[PDB]
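The data block below is upload-v1.txt; it holds compact mmCIF, C-alpha atoms and all ligand atoms.
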# COMPACT_ATOMS: atom_id res chain seq x y z
CA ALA A 1 0.00 0.00 0.00
CA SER A 2 1.08 3.57 -0.60
CA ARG A 3 1.46 4.29 3.12
CA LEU A 4 2.60 2.17 6.05
CA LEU A 5 1.14 2.45 9.51
CA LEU A 6 3.61 3.49 12.19
CA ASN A 7 3.49 2.47 15.86
CA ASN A 8 2.45 6.07 16.74
CA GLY A 9 -0.70 5.77 14.61
CA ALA A 10 0.56 7.94 11.73
CA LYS A 11 0.62 6.88 8.07
CA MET A 12 4.05 7.20 6.44
CA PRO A 13 4.18 7.40 2.59
CA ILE A 14 6.11 4.41 1.31
CA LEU A 15 7.80 6.57 -1.33
CA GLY A 16 9.72 9.69 -0.46
CA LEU A 17 12.25 11.97 -2.11
CA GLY A 18 15.87 11.79 -0.90
CA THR A 19 17.81 15.03 -0.62
CA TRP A 20 21.37 14.05 0.25
CA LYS A 21 23.72 15.61 -2.34
CA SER A 22 20.89 17.76 -3.74
CA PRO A 23 22.63 21.18 -3.93
CA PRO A 24 20.94 24.29 -2.50
CA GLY A 25 20.63 25.63 -6.05
CA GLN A 26 18.62 22.66 -7.37
CA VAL A 27 16.80 21.19 -4.36
CA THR A 28 14.01 23.82 -4.23
CA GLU A 29 12.96 22.93 -7.78
CA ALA A 30 13.35 19.20 -7.10
CA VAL A 31 11.05 19.26 -4.09
CA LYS A 32 8.51 21.40 -5.96
CA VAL A 33 8.52 18.94 -8.84
CA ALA A 34 8.25 15.93 -6.54
CA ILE A 35 5.24 17.44 -4.80
CA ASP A 36 3.59 18.29 -8.12
CA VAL A 37 4.16 14.68 -9.25
CA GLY A 38 2.53 13.40 -6.04
CA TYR A 39 5.36 12.64 -3.60
CA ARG A 40 4.13 13.27 -0.06
CA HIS A 41 7.27 12.41 1.86
CA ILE A 42 10.60 14.27 1.88
CA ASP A 43 13.70 12.84 3.57
CA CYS A 44 15.90 15.62 4.92
CA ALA A 45 18.83 16.15 7.25
CA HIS A 46 20.77 18.96 8.83
CA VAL A 47 24.00 17.40 7.51
CA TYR A 48 22.67 17.64 3.90
CA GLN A 49 23.16 21.41 4.22
CA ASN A 50 20.07 22.28 2.18
CA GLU A 51 17.16 22.34 4.63
CA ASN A 52 16.55 26.03 3.97
CA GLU A 53 16.05 25.38 0.26
CA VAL A 54 13.80 22.35 0.99
CA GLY A 55 11.84 24.70 3.29
CA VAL A 56 11.38 27.26 0.48
CA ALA A 57 9.86 24.61 -1.78
CA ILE A 58 7.42 23.33 0.81
CA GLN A 59 6.34 26.87 1.67
CA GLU A 60 5.64 27.62 -1.99
CA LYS A 61 3.57 24.49 -2.56
CA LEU A 62 1.56 25.21 0.58
CA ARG A 63 1.01 28.79 -0.61
CA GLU A 64 0.04 27.50 -4.08
CA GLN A 65 -2.36 25.09 -2.33
CA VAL A 66 -0.95 22.12 -4.18
CA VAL A 67 -0.77 20.31 -0.86
CA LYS A 68 -1.64 20.80 2.79
CA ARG A 69 0.89 20.49 5.65
CA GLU A 70 -0.96 17.48 7.12
CA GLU A 71 -0.74 15.57 3.81
CA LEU A 72 3.07 15.87 3.93
CA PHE A 73 5.47 13.65 5.82
CA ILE A 74 8.73 15.46 6.53
CA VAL A 75 11.63 13.63 8.10
CA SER A 76 14.83 15.10 9.43
CA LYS A 77 17.78 13.80 11.42
CA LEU A 78 19.92 14.80 14.40
CA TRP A 79 23.53 14.92 13.26
CA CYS A 80 26.31 13.15 15.16
CA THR A 81 27.76 16.40 16.60
CA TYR A 82 24.54 16.93 18.58
CA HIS A 83 24.17 13.64 20.56
CA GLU A 84 24.70 15.44 23.92
CA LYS A 85 21.35 15.51 25.67
CA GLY A 86 21.45 19.26 26.13
CA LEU A 87 22.07 19.88 22.40
CA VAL A 88 19.26 17.70 20.96
CA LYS A 89 16.41 20.25 21.28
CA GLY A 90 18.46 23.11 19.79
CA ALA A 91 19.39 20.93 16.84
CA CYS A 92 15.74 20.02 16.29
CA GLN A 93 14.58 23.65 16.46
CA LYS A 94 17.31 24.77 14.06
CA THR A 95 16.13 22.16 11.55
CA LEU A 96 12.53 23.29 12.05
CA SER A 97 13.52 26.93 11.53
CA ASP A 98 15.39 26.07 8.29
CA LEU A 99 12.53 23.93 6.97
CA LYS A 100 10.08 26.66 8.05
CA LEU A 101 7.85 24.07 9.72
CA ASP A 102 6.16 23.96 13.12
CA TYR A 103 6.83 20.24 13.54
CA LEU A 104 8.55 17.24 11.96
CA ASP A 105 6.62 14.10 11.14
CA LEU A 106 9.69 12.08 12.11
CA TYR A 107 13.07 12.91 13.60
CA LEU A 108 15.84 10.34 13.59
CA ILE A 109 19.14 9.84 15.34
CA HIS A 110 21.14 9.99 12.16
CA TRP A 111 23.87 7.59 13.25
CA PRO A 112 24.55 5.78 16.57
CA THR A 113 27.99 7.46 16.85
CA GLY A 114 28.32 10.75 18.72
CA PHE A 115 31.01 13.14 17.47
CA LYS A 116 32.57 16.14 19.22
CA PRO A 117 30.16 19.11 19.20
CA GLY A 118 31.21 22.19 17.23
CA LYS A 119 30.98 23.86 13.84
CA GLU A 120 32.35 20.95 11.78
CA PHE A 121 30.17 18.03 10.64
CA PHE A 122 33.21 15.71 10.81
CA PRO A 123 35.59 17.09 13.50
CA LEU A 124 39.06 15.62 12.94
CA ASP A 125 41.86 15.29 15.48
CA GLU A 126 45.58 15.72 14.75
CA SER A 127 45.69 12.19 13.27
CA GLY A 128 42.96 12.97 10.76
CA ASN A 129 40.36 10.79 12.50
CA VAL A 130 36.87 11.86 13.58
CA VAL A 131 36.75 12.94 17.21
CA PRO A 132 34.07 11.02 19.24
CA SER A 133 31.95 12.59 21.96
CA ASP A 134 31.24 11.07 25.37
CA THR A 135 27.61 10.37 24.61
CA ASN A 136 25.46 7.31 24.62
CA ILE A 137 22.45 6.20 22.74
CA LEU A 138 20.08 5.87 25.69
CA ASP A 139 20.64 9.45 26.88
CA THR A 140 20.28 10.78 23.35
CA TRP A 141 17.06 8.75 23.09
CA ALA A 142 15.77 10.32 26.30
CA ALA A 143 16.34 13.77 24.79
CA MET A 144 14.56 12.72 21.55
CA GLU A 145 11.65 11.52 23.70
CA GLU A 146 11.33 14.98 25.20
CA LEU A 147 10.83 16.46 21.70
CA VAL A 148 7.73 14.34 21.33
CA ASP A 149 6.41 15.40 24.69
CA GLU A 150 6.84 19.05 23.61
CA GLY A 151 5.08 18.32 20.32
CA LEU A 152 8.06 19.38 18.16
CA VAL A 153 8.00 16.03 16.36
CA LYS A 154 5.23 13.52 15.80
CA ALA A 155 7.56 10.53 15.82
CA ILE A 156 11.12 9.59 16.62
CA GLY A 157 13.35 6.86 15.34
CA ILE A 158 16.88 5.82 14.52
CA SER A 159 19.03 5.33 11.47
CA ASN A 160 21.93 2.93 10.83
CA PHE A 161 21.30 1.10 14.14
CA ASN A 162 22.11 -2.60 14.38
CA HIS A 163 19.70 -4.95 16.13
CA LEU A 164 21.52 -4.78 19.45
CA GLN A 165 21.40 -0.99 19.44
CA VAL A 166 17.68 -1.14 18.73
CA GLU A 167 17.18 -3.73 21.46
CA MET A 168 18.99 -1.44 23.86
CA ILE A 169 16.39 1.28 23.31
CA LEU A 170 13.46 -1.17 23.39
CA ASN A 171 14.69 -2.56 26.73
CA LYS A 172 15.43 0.85 28.29
CA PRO A 173 13.91 1.03 31.83
CA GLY A 174 11.29 3.82 31.81
CA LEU A 175 11.15 3.84 27.97
CA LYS A 176 8.58 6.41 26.87
CA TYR A 177 8.47 5.84 23.09
CA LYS A 178 9.66 2.98 20.97
CA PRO A 179 11.46 3.95 17.76
CA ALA A 180 8.93 4.33 14.98
CA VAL A 181 11.44 3.76 12.18
CA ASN A 182 14.91 2.43 11.50
CA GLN A 183 16.33 3.92 8.28
CA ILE A 184 19.10 1.75 6.86
CA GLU A 185 20.97 1.26 3.61
CA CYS A 186 19.09 -1.36 1.61
CA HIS A 187 19.29 -2.58 -1.99
CA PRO A 188 19.99 -5.82 -3.92
CA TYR A 189 23.69 -5.80 -2.92
CA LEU A 190 22.83 -5.28 0.78
CA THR A 191 19.46 -6.87 1.34
CA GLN A 192 19.40 -6.65 5.13
CA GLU A 193 17.13 -9.69 5.64
CA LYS A 194 17.96 -10.22 9.31
CA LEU A 195 17.71 -6.63 10.48
CA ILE A 196 14.51 -6.19 8.48
CA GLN A 197 13.01 -9.32 10.04
CA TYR A 198 14.07 -8.14 13.49
CA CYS A 199 12.67 -4.58 13.16
CA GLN A 200 9.40 -5.65 11.53
CA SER A 201 9.00 -8.21 14.30
CA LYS A 202 9.11 -5.32 16.78
CA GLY A 203 6.63 -3.12 14.93
CA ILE A 204 9.40 -0.83 13.67
CA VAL A 205 9.09 0.36 10.08
CA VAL A 206 12.24 0.09 7.96
CA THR A 207 13.15 2.77 5.44
CA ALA A 208 15.52 1.72 2.66
CA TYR A 209 18.10 4.39 1.75
CA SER A 210 20.45 4.48 -1.28
CA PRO A 211 18.04 2.13 -3.10
CA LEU A 212 19.81 2.83 -6.39
CA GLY A 213 23.21 2.31 -4.78
CA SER A 214 24.01 6.05 -4.41
CA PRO A 215 26.06 6.30 -7.67
CA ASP A 216 26.64 9.98 -6.92
CA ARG A 217 28.18 9.45 -3.46
CA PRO A 218 31.43 11.45 -3.53
CA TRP A 219 33.57 8.35 -3.01
CA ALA A 220 32.20 6.07 -5.75
CA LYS A 221 35.01 4.32 -7.66
CA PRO A 222 34.51 3.18 -11.35
CA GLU A 223 35.18 -0.46 -10.40
CA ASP A 224 32.39 -0.32 -7.79
CA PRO A 225 29.43 -2.57 -8.73
CA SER A 226 26.56 -0.59 -10.25
CA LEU A 227 22.89 -1.50 -9.65
CA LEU A 228 21.55 0.83 -12.35
CA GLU A 229 23.75 -0.92 -14.96
CA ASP A 230 23.37 -4.50 -13.75
CA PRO A 231 22.15 -6.49 -16.83
CA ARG A 232 20.35 -8.97 -14.56
CA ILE A 233 18.22 -6.12 -13.20
CA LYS A 234 17.68 -4.54 -16.62
CA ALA A 235 16.26 -7.87 -17.82
CA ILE A 236 13.73 -7.88 -14.97
CA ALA A 237 12.93 -4.25 -15.80
CA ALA A 238 12.53 -4.91 -19.54
CA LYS A 239 10.10 -7.74 -18.69
CA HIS A 240 7.78 -5.13 -17.08
CA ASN A 241 8.50 -2.37 -19.57
CA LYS A 242 9.95 -0.32 -16.70
CA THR A 243 13.38 1.17 -15.95
CA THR A 244 16.07 -0.30 -13.73
CA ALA A 245 15.45 2.51 -11.25
CA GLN A 246 11.72 1.68 -11.15
CA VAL A 247 12.52 -1.96 -10.35
CA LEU A 248 15.00 -0.90 -7.66
CA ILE A 249 12.33 1.31 -6.11
CA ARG A 250 9.55 -1.29 -6.37
CA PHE A 251 11.72 -3.98 -4.75
CA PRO A 252 11.84 -2.53 -1.18
CA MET A 253 8.21 -1.50 -1.49
CA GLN A 254 7.21 -5.16 -1.90
CA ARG A 255 9.14 -6.02 1.25
CA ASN A 256 7.01 -3.47 3.15
CA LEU A 257 9.85 -0.98 3.39
CA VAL A 258 9.65 2.76 2.83
CA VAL A 259 12.06 3.89 0.10
CA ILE A 260 13.59 7.31 -0.56
CA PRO A 261 15.36 7.59 -3.99
CA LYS A 262 17.15 10.89 -4.58
CA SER A 263 16.98 12.94 -7.78
CA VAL A 264 17.33 16.58 -8.72
CA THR A 265 16.31 15.70 -12.27
CA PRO A 266 12.61 16.47 -12.96
CA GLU A 267 12.24 13.68 -15.50
CA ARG A 268 13.73 11.15 -13.10
CA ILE A 269 11.73 12.47 -10.14
CA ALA A 270 8.69 11.74 -12.36
CA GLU A 271 10.01 8.33 -13.48
CA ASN A 272 10.80 7.28 -9.92
CA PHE A 273 7.17 7.98 -8.89
CA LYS A 274 5.74 5.57 -11.48
CA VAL A 275 6.12 2.54 -9.26
CA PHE A 276 2.51 1.98 -8.12
CA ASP A 277 1.18 0.46 -11.38
CA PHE A 278 3.23 -2.72 -11.60
CA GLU A 279 4.34 -5.63 -9.47
CA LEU A 280 7.46 -7.74 -9.27
CA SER A 281 6.78 -11.47 -9.35
CA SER A 282 7.66 -13.53 -6.30
CA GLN A 283 10.36 -15.14 -8.46
CA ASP A 284 11.67 -11.65 -9.34
CA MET A 285 11.81 -10.85 -5.61
CA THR A 286 13.70 -14.08 -4.87
CA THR A 287 16.16 -13.37 -7.64
CA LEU A 288 16.79 -9.78 -6.54
CA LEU A 289 17.41 -11.08 -3.03
CA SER A 290 20.01 -13.55 -4.36
CA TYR A 291 22.21 -10.64 -5.51
CA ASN A 292 23.16 -9.67 -1.97
CA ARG A 293 26.89 -9.23 -1.43
CA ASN A 294 26.95 -7.23 1.80
CA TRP A 295 28.21 -4.27 -0.17
CA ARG A 296 27.77 -1.09 1.83
CA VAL A 297 28.10 2.42 0.40
CA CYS A 298 27.92 4.32 3.72
CA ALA A 299 30.27 2.94 6.36
CA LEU A 300 32.96 5.57 7.34
CA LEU A 301 35.48 2.83 7.95
CA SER A 302 37.87 4.82 10.15
CA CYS A 303 35.04 5.01 12.74
CA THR A 304 35.38 1.23 13.37
CA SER A 305 37.06 2.15 16.65
CA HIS A 306 34.00 4.12 17.93
CA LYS A 307 32.22 2.27 20.73
CA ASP A 308 28.93 2.70 18.84
CA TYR A 309 30.15 1.78 15.33
CA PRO A 310 27.14 -0.12 13.97
CA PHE A 311 28.53 -2.49 11.40
CA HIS A 312 30.64 -4.93 13.45
CA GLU A 313 27.58 -7.03 14.30
CA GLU A 314 26.20 -9.52 11.78
CA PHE A 315 22.97 -7.49 11.87
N1 LIG B 401 20.15 7.74 7.01
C1 LIG B 401 21.30 7.79 6.34
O1 LIG B 401 22.39 7.60 6.90
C2 LIG B 401 21.26 7.92 4.84
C3 LIG B 401 22.32 7.52 4.05
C4 LIG B 401 22.27 7.67 2.68
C5 LIG B 401 21.14 8.13 2.10
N2 LIG B 401 20.09 8.57 2.86
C6 LIG B 401 18.87 9.09 2.23
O2 LIG B 401 18.55 8.23 1.14
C7 LIG B 401 18.45 9.05 -0.06
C8 LIG B 401 18.70 8.20 -1.27
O3 LIG B 401 20.03 7.63 -1.21
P1 LIG B 401 21.24 8.28 -2.05
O4 LIG B 401 21.01 9.73 -2.27
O5 LIG B 401 22.48 7.82 -1.37
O6 LIG B 401 21.20 7.54 -3.47
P2 LIG B 401 20.14 6.81 -4.42
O7 LIG B 401 18.81 7.45 -4.23
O8 LIG B 401 20.33 5.34 -4.37
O9 LIG B 401 20.73 7.31 -5.81
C9 LIG B 401 20.74 8.69 -6.17
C10 LIG B 401 21.43 8.82 -7.50
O10 LIG B 401 20.66 8.13 -8.52
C11 LIG B 401 20.41 9.01 -9.60
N3 LIG B 401 19.10 8.68 -10.12
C12 LIG B 401 17.88 8.89 -9.52
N4 LIG B 401 16.87 8.43 -10.21
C13 LIG B 401 17.44 7.86 -11.32
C14 LIG B 401 16.86 7.26 -12.44
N5 LIG B 401 15.54 7.10 -12.58
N6 LIG B 401 17.70 6.88 -13.43
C15 LIG B 401 19.02 7.06 -13.26
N7 LIG B 401 19.68 7.63 -12.25
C16 LIG B 401 18.82 8.02 -11.29
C17 LIG B 401 20.53 10.43 -9.06
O11 LIG B 401 20.85 11.29 -10.16
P3 LIG B 401 20.28 12.82 -10.16
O12 LIG B 401 19.97 13.44 -8.82
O13 LIG B 401 21.39 13.52 -10.80
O14 LIG B 401 19.06 12.75 -11.03
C18 LIG B 401 21.64 10.24 -8.03
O15 LIG B 401 22.95 10.28 -8.60
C19 LIG B 401 19.44 10.18 0.23
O16 LIG B 401 19.31 11.26 -0.68
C20 LIG B 401 19.03 10.51 1.67
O17 LIG B 401 17.82 11.27 1.68
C21 LIG B 401 20.13 8.40 4.23
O1 LIG B 402 36.81 5.69 2.81
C1 LIG B 402 36.86 5.93 1.59
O2 LIG B 402 37.84 5.59 0.88
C2 LIG B 402 35.64 6.62 0.96
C3 LIG B 402 34.42 6.61 1.87
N1 LIG B 402 34.05 7.75 2.39
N2 LIG B 402 32.98 7.80 3.25
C4 LIG B 402 32.60 9.13 3.72
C5 LIG B 402 33.55 9.76 4.65
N3 LIG B 402 34.70 9.31 5.03
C6 LIG B 402 35.28 10.17 5.94
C7 LIG B 402 36.52 9.95 6.52
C8 LIG B 402 36.99 10.87 7.44
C9 LIG B 402 38.31 10.66 8.09
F1 LIG B 402 39.05 11.75 7.98
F2 LIG B 402 38.99 9.62 7.65
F3 LIG B 402 38.15 10.40 9.42
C10 LIG B 402 36.23 12.00 7.75
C11 LIG B 402 34.99 12.22 7.20
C12 LIG B 402 34.51 11.29 6.29
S1 LIG B 402 33.03 11.23 5.40
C13 LIG B 402 32.23 6.71 3.63
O3 LIG B 402 31.29 6.84 4.41
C14 LIG B 402 32.59 5.44 3.03
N4 LIG B 402 31.89 4.32 3.35
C15 LIG B 402 32.26 3.21 2.74
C16 LIG B 402 33.37 3.15 1.88
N5 LIG B 402 34.09 4.21 1.60
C17 LIG B 402 33.71 5.40 2.16
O1 LIG B 403 24.53 10.39 6.53
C1 LIG B 403 23.80 10.36 5.52
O2 LIG B 403 22.54 10.48 5.52
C2 LIG B 403 24.52 10.24 4.20
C3 LIG B 403 25.98 10.55 4.37
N1 LIG B 403 26.72 9.50 4.53
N2 LIG B 403 28.07 9.65 4.63
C4 LIG B 403 28.75 8.42 4.91
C5 LIG B 403 28.75 8.20 6.40
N3 LIG B 403 28.97 7.07 7.00
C6 LIG B 403 28.95 7.20 8.38
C7 LIG B 403 29.17 6.15 9.29
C8 LIG B 403 29.10 6.43 10.65
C9 LIG B 403 29.33 5.34 11.61
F1 LIG B 403 28.35 5.27 12.47
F2 LIG B 403 30.46 5.49 12.29
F3 LIG B 403 29.40 4.17 11.02
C10 LIG B 403 28.84 7.70 11.12
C11 LIG B 403 28.66 8.75 10.24
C12 LIG B 403 28.69 8.48 8.87
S1 LIG B 403 28.47 9.52 7.50
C13 LIG B 403 28.72 10.85 4.62
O3 LIG B 403 29.93 10.90 4.72
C14 LIG B 403 27.88 12.03 4.46
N4 LIG B 403 28.42 13.28 4.45
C15 LIG B 403 27.60 14.29 4.31
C16 LIG B 403 26.23 14.12 4.19
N5 LIG B 403 25.67 12.93 4.22
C17 LIG B 403 26.50 11.85 4.37

In structure tokens, how does this file's structure come out?
Ligand SMILES: NC(=O)c1ccc[n+]([C@@H]2O[C@H](COP(=O)([O-])OP(=O)(O)OC[C@H]3O[C@@H](n4cnc5c(N)ncnc54)[C@H](OP(=O)(O)O)[C@@H]3O)[C@@H](O)[C@H]2O)c1
Ligand SMILES: O=C(O)Cc1nn(Cc2nc3cc(C(F)(F)F)ccc3s2)c(=O)c2nccnc12
Ligand SMILES: O=C(O)Cc1nn(Cc2nc3cc(C(F)(F)F)ccc3s2)c(=O)c2nccnc12
Amino acid sequence: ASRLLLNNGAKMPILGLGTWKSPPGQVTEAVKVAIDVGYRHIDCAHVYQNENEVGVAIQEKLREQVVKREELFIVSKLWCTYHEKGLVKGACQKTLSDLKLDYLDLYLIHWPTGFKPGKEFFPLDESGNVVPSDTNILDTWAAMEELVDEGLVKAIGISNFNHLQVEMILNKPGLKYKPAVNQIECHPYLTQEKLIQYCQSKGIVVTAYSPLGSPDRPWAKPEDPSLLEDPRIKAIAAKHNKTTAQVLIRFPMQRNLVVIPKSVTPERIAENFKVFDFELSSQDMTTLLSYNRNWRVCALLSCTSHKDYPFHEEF
């Protein structure tokens, strides 16, 4: 279905527009186009450095009466340099001010790893490594919880958490709110079966990020495997008279995951939305699952030493 029910009673659109790497100068138009096309979910983050320009778009479409605020699902994310309890609210309000909203539909802990607070998104020490902060997930969660009580955000969740980190929150003594969502990298080369099964079992909705394999991530190398150019996936696409992107978007949807493909390109924003009028076969789904290779595009490998580095566990 086009929306999934969250554990807070809200309906989250299963298709949203990603905005990482969307430059300030193109993201306003992208969001306006997406909304015109019918997207009702935008995935944002402070660290994407474009929330102002996302805000401008939403304001215009509200003013044009193309959409109402309550038909939109806006997500943002608390960056790693703000995990200190006392900094969480300020970060949230700064995001709200930039987006020009009164509330977020969903606010996530962007990554489990706290970094040193300050002006830099990735504060480096003299060795050129990221500097951790003395912060922990449960205290950051407590501060996220307070945002709900204040009505700044309708829902809270986590992103890039492994199952033990999730369990830690679920088992917190005095827990006020379970995570609504865990947003994780997910595509045919990283199919995430075990963490998906775990989260779904707990009533936590999974959002699949980098569904097209993030070919525009700054660090892509030419030898890196490429989902959009995989001939196996094109053949499945051709069979439905759809594009490879459309298949890659449809795939998570049929696993009951939310998916958030990024484009600044109007024609592709439009293409990516045309995923409600076809269906992958159960054989197609099996096949796409068989392509897993535990290939991960977002992993900041030098953070392996951080106590909260998520990707040591099997899931
Ligand atoms: N929670 C997290 O830690 C996290 C991590 C990564 C991503 N995310 C979220 O997930 C979103 C999506 O992931 P992503 O941005 O890494 O990458 P992605 O959506 O897998 O891929 C985006 C890339 O695919 C291209 N593209 C889009 N539609 C296409 C189509 N129909 N045909 C061909 N190329 C197409 C885009 O080109 P153009 O823009 O040039 O059209 C862009 O280079 C992000 O933007 C962000 O919102 C979250
Ligand atoms: O490490 C590489 O060679 C490229 C690469 N980069 N990145 C992004 C970043 N990598 C870094 C690395 C540093 C640091 F300076 F090494 F600490 C500081 C900030 C960042 S942001 C990944 O997340 C990433 N994840 C998986 C694989 N490669 C990468
Ligand atoms: O975080 C996102 O939503 C996408 C994104 N990913 N990456 C790769 C990253 N990978 C990681 C990995 C960790 C980890 F928790 F240590 F594993 C912590 C922070 C990061 S950031 C960037 O370097 C990055 N840099 C700027 C903006 N966005 C990103």

Selection as a compact mmCIF listing (two decimals) with C-alpha atoms, in the coordinates of the input: residues within 6 Å of ligand LIG 403 (chain B) by only C-alpha atoms and all ligand atoms:
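What follows is the written file part23.txt:
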# COMPACT_ATOMS: atom_id res chain seq x y z
CA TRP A 20 21.37 14.05 0.25
CA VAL A 47 24.00 17.40 7.51
CA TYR A 48 22.67 17.64 3.90
CA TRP A 111 23.87 7.59 13.25
CA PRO A 112 24.55 5.78 16.57
CA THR A 113 27.99 7.46 16.85
CA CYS A 298 27.92 4.32 3.72
CA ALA A 299 30.27 2.94 6.36
CA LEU A 300 32.96 5.57 7.34
CA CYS A 303 35.04 5.01 12.74
CA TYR A 309 30.15 1.78 15.33
CA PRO A 310 27.14 -0.12 13.97

Point to revise | A:130, A:148, A:260, A:169 ranked by distance to ligand LIG 402 (chain B), top pick (using all atoms listed in the file) | key: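 Looking only at the distances to ligand LIG 402 (chain B), the closest residue turns out to be A:130.
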
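Residue nearest residue 203 (chain A), chosen from A:159, A:182, A:140, A:191 and counting only C-alpha atoms: A:182.
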
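Each of A:296, A:273, A:137, A:302 was compared to residue 217 (chain A) using all atoms listed in the file, and A:296 turns out to be the nearest.
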
Exercise for review: Grab the CA of residue 313 (chain A) to CA of residue 228 (chain A) distance for me, in Å with one decimal place.
Suggested key: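 Between CA of residue 313 (chain A) and CA of residue 228 (chain A) the gap works out to 28.4 Å.
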
Point to revise | Local residues around (18.4, 5.8, -5.7), at most 12 Å away, using all atoms listed in the file, as number ranges by chain | key: A: 15-21, 185-188, 208-217, 226-228, 244-252, 259-264, 268-269, 271-273, 297

Study note, to complete from the structure: The distance between CA of residue 206 (chain A) and CA of residue 289 (chain A) is 16.5 Å

**Study point:** Coordinates-based distance that separates CA of residue 285 (chain A) from CA of residue 239 (chain A) (Å, one decimal)
**Key:**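 Spanning CA of residue 239 (chain A) to CA of residue 285 (chain A) is a straight-line distance of 13.6 Å.
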
Check your understanding: Using only C-alpha atoms and all ligand atoms, which of the listed residues (A:312, A:77, A:154, A:176) sits closest to ligand LIG 401 (chain B)?
Key ->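 Of A:312, A:77, A:154, A:176, the one nearest ligand LIG 401 (chain B), counting only C-alpha atoms and all ligand atoms, is A:77.
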
Exercise for review: May I have the residues within 9 Å of residue 139 (chain A) as a PyMOL selection string, using all atoms listed in the file and disregarding those fewer than 6 positions away in the same chain?
Suggested key: chain A and resi 83-85

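Those residues that approach residue 236 (chain A) to within 9 Å, counting only C-alpha atoms, are residues 231, 241, 242, 244, 247, 280 and 284 of chain A; same-chain residues fewer than 5 positions away are not listed.
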
With 4 Å of padding per side, what axis-aligned box (centre and edge lengths, Å, one decimal) covers all the listed atoms of ligand LIG 401 (chain B)? Give it as lines of an AutoDock Vina configuration file.
center_x = 19.2
center_y = 9.4
center_z = -3.2
size_x = 15.4
size_y = 16.2
size_z = 28.4

Check your understanding: In terms of the shortest atom-to-atom distance over only C-alpha atoms, which of A:61, A:94, A:163, A:100 is closest to residue 38 (chain A)?
Key -> A:61

Review point. If you count all atoms listed in the file, which residues fall within 9 Å of residue 29 (chain A), apart from same-chain ones fewer than 2 positions away, as a count of residues only?
Key: 12

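Of the listed residues A:189, A:143, A:308, A:30, the one whose atoms come nearest to residue 165 (chain A) is A:308, with distances taken using all atoms listed in the file.
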
Exercise for review: For the point (11.0, 15.8, 6.4) in the file's frame, write as a count of residues only all residues with an atom no more than 6 Å away, counting all atoms listed in the file.
Suggested key: 7

Would you pick out the contacts of residue 69 (chain A) at 12 Å or less, using all atoms listed in the file, so that residues sharing its chain but fewer than 4 positions from it are not included, and give the list as a PDB file with C-alpha atoms, keeping the file's coordinate frame?
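As a result, around.pdb now contains:
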ATOM      1  CA  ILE A  35       5.240  17.440  -4.800  1.00  0.00           C
ATOM      2  CA  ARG A  40       4.130  13.270  -0.060  1.00  0.00           C
ATOM      3  CA  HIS A  41       7.270  12.410   1.860  1.00  0.00           C
ATOM      4  CA  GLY A  55      11.840  24.700   3.290  1.00  0.00           C
ATOM      5  CA  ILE A  58       7.420  23.330   0.810  1.00  0.00           C
ATOM      6  CA  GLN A  59       6.340  26.870   1.670  1.00  0.00           C
ATOM      7  CA  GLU A  60       5.640  27.620  -1.990  1.00  0.00           C
ATOM      8  CA  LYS A  61       3.570  24.490  -2.560  1.00  0.00           C
ATOM      9  CA  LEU A  62       1.560  25.210   0.580  1.00  0.00           C
ATOM     10  CA  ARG A  63       1.010  28.790  -0.610  1.00  0.00           C
ATOM     11  CA  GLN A  65      -2.360  25.090  -2.330  1.00  0.00           C
ATOM     12  CA  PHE A  73       5.470  13.650   5.820  1.00  0.00           C
ATOM     13  CA  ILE A  74       8.730  15.460   6.530  1.00  0.00           C
ATOM     14  CA  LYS A 100      10.080  26.660   8.050  1.00  0.00           C
ATOM     15  CA  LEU A 101       7.850  24.070   9.720  1.00  0.00           C
ATOM     16  CA  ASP A 102       6.160  23.960  13.120  1.00  0.00           C
ATOM     17  CA  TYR A 103       6.830  20.240  13.540  1.00  0.00           C
ATOM     18  CA  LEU A 104       8.550  17.240  11.960  1.00  0.00           C
ATOM     19  CA  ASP A 105       6.620  14.100  11.140  1.00  0.00           C
TER      20      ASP A 105
END

Practice item. Show which residues sit within 12 Å of residue 141 (chain A), as an NGL selection string. Count only C-alpha atoms, and ignore same-chain residues fewer than 5 positions away. Key: :A and (78 or 82-86 or 88-89 or 107-110 or 112 or 135-136 or 146-148 or 156-158 or 165-166 or 168-170 or 172 or 174-179)
